[PDB]
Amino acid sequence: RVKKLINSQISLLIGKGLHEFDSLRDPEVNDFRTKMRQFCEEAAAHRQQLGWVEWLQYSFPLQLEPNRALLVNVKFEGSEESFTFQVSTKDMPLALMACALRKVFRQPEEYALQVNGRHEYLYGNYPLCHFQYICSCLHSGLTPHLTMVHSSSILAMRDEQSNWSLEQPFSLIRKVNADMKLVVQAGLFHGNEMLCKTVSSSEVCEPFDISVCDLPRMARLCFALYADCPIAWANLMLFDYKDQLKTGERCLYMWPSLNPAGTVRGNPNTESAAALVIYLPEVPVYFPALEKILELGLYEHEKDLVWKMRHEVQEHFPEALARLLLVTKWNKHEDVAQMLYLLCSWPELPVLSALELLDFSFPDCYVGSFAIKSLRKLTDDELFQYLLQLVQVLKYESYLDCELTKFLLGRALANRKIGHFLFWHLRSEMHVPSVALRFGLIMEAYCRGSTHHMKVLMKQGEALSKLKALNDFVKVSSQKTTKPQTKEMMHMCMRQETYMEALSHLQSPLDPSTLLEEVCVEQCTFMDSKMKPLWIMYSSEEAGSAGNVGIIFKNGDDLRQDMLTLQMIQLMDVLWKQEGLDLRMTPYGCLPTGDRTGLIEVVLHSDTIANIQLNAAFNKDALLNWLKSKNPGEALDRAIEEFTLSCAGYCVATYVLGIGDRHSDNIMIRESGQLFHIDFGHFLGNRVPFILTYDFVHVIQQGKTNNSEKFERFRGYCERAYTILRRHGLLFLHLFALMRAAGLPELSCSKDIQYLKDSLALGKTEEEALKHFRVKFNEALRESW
């Protein structure tokens, strides 16, 4: 009786009824559901038994940065009284907890410090400066506000959150766009490479050189209906999920336009799609087992020598695995068995090398499982960093039950932050028919393993439902009345009991540690841009100035490129900080949540260069005079430096990623001096050269006409930042390679990925690449008036 309600909620949450899965009567979809539910309920079981410090690690993972005086305000749970302490930046949380315990009435290890009005906590053997909240409070100049939450209070949160040897050569039987003759071109693929010659049909509008023993485990039959005028395409795995070779006829529901990367599952639109009927022949015959395979196991000459020293490749150079995998003959079963035998004794590879193995160039199930075993060593911070890519790779998968789905679902049920973003990446693509079944099932399994978080996500989904309804009203009204009239009409709609409830008391889909408490309707409005986005302000009494946070709701545009660009800039910032370089970056949150729908984090105390220049004796002084008002006296020098660093950081970021169409309207400055970029519509030269605006150069130069001292410090930052990224060049190339799965119009072919190779100058020597950058930087200076 209670299971009916839970299933009803899952259906509403995932944006797909659970009845649709059962109606398919597909054994693959049924076996995934039954197996994955047990795996998820086991995770929920192990979670309700975890200790209070272990639960805190699940629900509120620590936000850490990749001696000095500090005034901290410590509070207690269920008390209005607060006390200010003189603690060091080197001091641990346990020492600060001892001070609060010492502080007036009549063990510190039984407590955890909560960040006021936020789902963030301060615990563990880490100095105060290492935590992202205390670190940010130092730079902002704001006093950190903490709460002494006892073990009994944390434990009560866990309790409230309760739950085959045949040499026979391999070998067509509606709703087609008429004109011309229709021909079916077919090929046998194993990832990118072809197993044999692409045999096509006979050339009027409703109408292989490989042995069966040689066909690999992960082989695909790729069809295409031509007229040259393309009509449709269709893919199929020759072996099923149960490991047996496909026998008999099959009706293939074609996708509208050989495409190897495309899905192996059929078109859901059975009514309005072209169907191709194929005759797959009688041989039961299942693929040989691991025991049977192990019992059997660059230029043309360069690849021949790599295959000869295959045994030496395992011992001498184990990181060369990928080069050997692209040289192995997948069209010859004897060669596959010898390679697979080497893969079983192959030692575990580092995270960087495993990220490469997850590409479409390595479609083998065993080679795939090797990459997951090597990716198990990823930290929850590293896994979150590459989460977008690992979700896109699920589109390359052949079967519903895969090692990547197990790993992502296993880590998501072990970390609430990881499970939060895995939910949104899956939910935001339920409009796309090719992934809607897979993504739907993965989200259902997660819900079976997290009934409390399911209701937490339901509240987020309800807020976003009211936001679309309010935005459509804004869209219609903006084309009919004056802005103040529309804004008041929006406020009235928001002030409704249905809206006030849904829009208040929730977790930010952008940051689960950010609590969207009370909605500040009076301060809410909409942006003048084409899609009329919504400016939604919030406030929390318990958090004070920390709860004064905002969100931007935008419907009508694809937010995937922006999310990807910002994440890359955030990876740039992390790698820079790792080499001691803090370029004061502002990687604001950007998370798509639906069909051309998403959320963008509000950077408070910021304005656009355009609004600052439009209002000083000279226009060149505007940007600087603004920083003089927002930073008077001694504070200006710190702000010119914050500007200088962020300008250097954003100059390299836009150059390396090839972001163009940068103007005064899509560049912002924070009152701290921190410059940042918004609206990343175009990237990877869709060649964008280095850019130096004289308006920013005037600020770097402290107002002076010829300040070589300050300007050249800035050249140094750009150079340092560029050389740091160059070292991790492969990280960006490997991540962008996996992102080809997403189907982003500016990231589809090899030419887009080649842009990153040219911008980072991967081939050239560090000395030679620094000079090439020095020529482009100087050309950017000459370009400034």
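So that the term is clear: the rigid core is the largest set of C-alpha atoms that superpose within 1.5 Å between two forms. All residue numbers are counted from 1 along the displayed sequence.
Averaged as a root mean square over residues and superposed structures in 9 other deposited structures of this protein, CA distances to the shown form are larger in 527-535; the pair compared was 502-510 and 527-535 with a core fit. Looking at the other PDB entries for this protein, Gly297 is absent from the model in a third or more of those that include the residues around it. Compared with the other entries of this protein, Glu517 is consistently built, present in every one of those that build its neighbours rather than absent from a third. Coordinates are absent for 10 or more residues of the deposited sequence placed between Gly297 and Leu298. The modelled chain is continuous from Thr405 to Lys406, with every intervening residue of the deposited sequence accounted for. Higher average CA B factor: 312-320, of the stretches 631-639 and 312-320. When the mean C-alpha temperature factors of 146-154 and 193-201 are read from the deposited coordinates, 193-201 comes out higher. By the numbers in the PDB entry, the CA B factor is greatest at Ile134 among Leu534, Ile134, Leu604, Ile678. Highest C-alpha temperature factor among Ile551, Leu101, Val519, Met527 per the entry: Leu101. Ranked by C-alpha B-factor against the other modelled residues of its chain, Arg37 falls in the middle third. In the PDB entry, a CA B factor belonging to the middle third of its chain's modelled residues is recorded for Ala234. In the deposited entry, the Cα temperature factor of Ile173 sits in the top third of values across the chain's modelled residues. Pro512: CA B factor lies in the lowest third for its chain, per the PDB record.
In the deposited entry, the Cα temperature factor of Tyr253 places it in the middle third of its chain's modelled residues.
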